[PDB]
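Taking it in order: structure first as structure tokens, then the write-up.
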Amino acid sequence: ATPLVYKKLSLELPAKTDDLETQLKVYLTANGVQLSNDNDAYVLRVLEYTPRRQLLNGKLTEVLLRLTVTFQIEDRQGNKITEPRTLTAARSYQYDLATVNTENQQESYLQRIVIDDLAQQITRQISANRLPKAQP
């Protein structure tokens, strides 16, 4: 197994990111990370959480649901220990004038999958130590 470089963590997230916070916790703990507030634990700071709903007119009309997140690990003294890392997840469906009623069900469904997908990528890069170290 890959040596878990960040054993103990705390999460600093912007407001209105409950769904992501929940998913990050299940996946982080699953990888052996321990949610801690101890003075030796690091801090997973999400600097940017940006959802987006693009309407793309190509051959056909397409609704694309994206979530983009920039984050970096910091210690409890404020020192940046890795450079920021920007990840994104997305799902899209074909907009159809007939099935417009279903939009809300379809979108909330695709949104839960996007958040989940992104929670797993964030967790992957931490557990797999794939974040570039900080540099002056």
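Residue numbering restarts at 1 for every chain of the structure tokens, chains are lettered A, B, ... in their displayed order, and ligands are numbered from 1 as they appear.
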Based on DSSP run over this structure's backbone, return all residues of chain A in alpha helix (DSSP H), as a ChimeraX atom specification.
/A:18-30,103-127
Residues within 12 Å of residue A:61, please, as a ChimeraX atom specification. Count only C-alpha atoms; anything in the same chain fewer than 3 positions from it doesn't count.
/A:54-58,64,92-97
Contacts of residue A:20 at 7 Å (only C-alpha atoms; same-chain gap of 3+ positions) as number ranges by chain
A: 17, 23-24, 115, 119
Print the selection's residues with C-alpha atoms to a file, as a compact mmCIF listing (two decimals), in the first residue's frame.
```txt
# COMPACT_ATOMS: atom_id res chain seq x y z
CA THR A 17 -20.46 22.94 0.43
CA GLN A 23 -18.59 12.93 0.67
CA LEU A 24 -14.99 13.99 1.41
CA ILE A 115 -19.89 15.98 -6.45
CA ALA A 119 -14.79 13.95 -3.80
```
Within 8 Å of stretch 33-50 of chain A using only C-alpha atoms, minus same-chain residues under 2 positions, as a VMD selection string:
chain A and resid 4 6 to 14 17 25 28 to 31 52 67 to 76
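Neighbouring residues of residue A:89 at 6 Å or closer, counting only C-alpha atoms and skipping chain neighbours under 3 positions away, are residues 66, 67, 114 and 118 of chain A.
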Between atom CA of residue A:88 and atom CA of residue A:116, measure the distance and give it in Å to one decimal.
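Going from atom CA of residue A:88 over to atom CA of residue A:116, I get 11.4 Å.
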Using DSSP assignments from the backbone, pull out every residue in chain A that falls under strand (DSSP E or B) and give it to me as a ChimeraX atom specification.
/A:8-12,34-35,42-57,61-74,80,82,85-94,133
Which residue gives the smallest distance to residue A:80 among A:126, A:104, A:134, A:32, with only C-alpha atoms counted?
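Smallest distance to residue A:80 is found for A:134.
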Contacts of residue A:117 within 9 Å, only C-alpha atoms, excl. fewer than 4 positions in-chain, as an NGL selection string
:A and (88-90 or 112-113 or 121-122)
Could you save those same residues with N, CA, C and O atoms as a PDB file, in the first residue's frame?
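Done, and the output landed in out-v1.pdb:
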```pdb
ATOM      1  N   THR A  88     -11.743  18.989 -11.691  1.00  0.00           N
ATOM      2  CA  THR A  88     -13.069  19.226 -12.189  1.00  0.00           C
ATOM      3  C   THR A  88     -13.771  17.931 -12.550  1.00  0.00           C
ATOM      4  O   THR A  88     -13.137  16.960 -12.949  1.00  0.00           O
ATOM      5  N   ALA A  89     -15.081  17.917 -12.379  1.00  0.00           N
ATOM      6  CA  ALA A  89     -15.888  16.752 -12.738  1.00  0.00           C
ATOM      7  C   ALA A  89     -17.064  17.293 -13.504  1.00  0.00           C
ATOM      8  O   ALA A  89     -17.483  18.423 -13.269  1.00  0.00           O
ATOM      9  N   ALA A  90     -17.610  16.491 -14.412  1.00  0.00           N
ATOM     10  CA  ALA A  90     -18.713  16.944 -15.219  1.00  0.00           C
ATOM     11  C   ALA A  90     -19.522  15.832 -15.847  1.00  0.00           C
ATOM     12  O   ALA A  90     -18.994  14.781 -16.174  1.00  0.00           O
ATOM     13  N   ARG A 112     -25.377  15.071  -8.108  1.00  0.00           N
ATOM     14  CA  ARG A 112     -24.890  14.179  -7.026  1.00  0.00           C
ATOM     15  C   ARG A 112     -23.727  13.308  -7.513  1.00  0.00           C
ATOM     16  O   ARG A 112     -22.771  13.062  -6.769  1.00  0.00           O
ATOM     17  N   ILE A 113     -23.789  12.878  -8.771  1.00  0.00           N
ATOM     18  CA  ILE A 113     -22.714  12.066  -9.349  1.00  0.00           C
ATOM     19  C   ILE A 113     -21.429  12.902  -9.526  1.00  0.00           C
ATOM     20  O   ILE A 113     -20.333  12.418  -9.256  1.00  0.00           O
ATOM     21  N   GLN A 121     -11.782  12.131  -6.572  1.00  0.00           N
ATOM     22  CA  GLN A 121     -10.524  12.636  -7.179  1.00  0.00           C
ATOM     23  C   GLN A 121      -9.673  13.389  -6.158  1.00  0.00           C
ATOM     24  O   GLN A 121      -8.453  13.269  -6.155  1.00  0.00           O
ATOM     25  N   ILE A 122     -10.315  14.218  -5.345  1.00  0.00           N
ATOM     26  CA  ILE A 122      -9.597  14.973  -4.312  1.00  0.00           C
ATOM     27  C   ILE A 122      -8.930  13.992  -3.370  1.00  0.00           C
ATOM     28  O   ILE A 122      -7.756  14.120  -3.060  1.00  0.00           O
TER      29      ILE A 122
END
```
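Closest approach to residue A:132 from the set A:81, A:100, A:63, A:1 is made by A:81, with distances taken over only C-alpha atoms.
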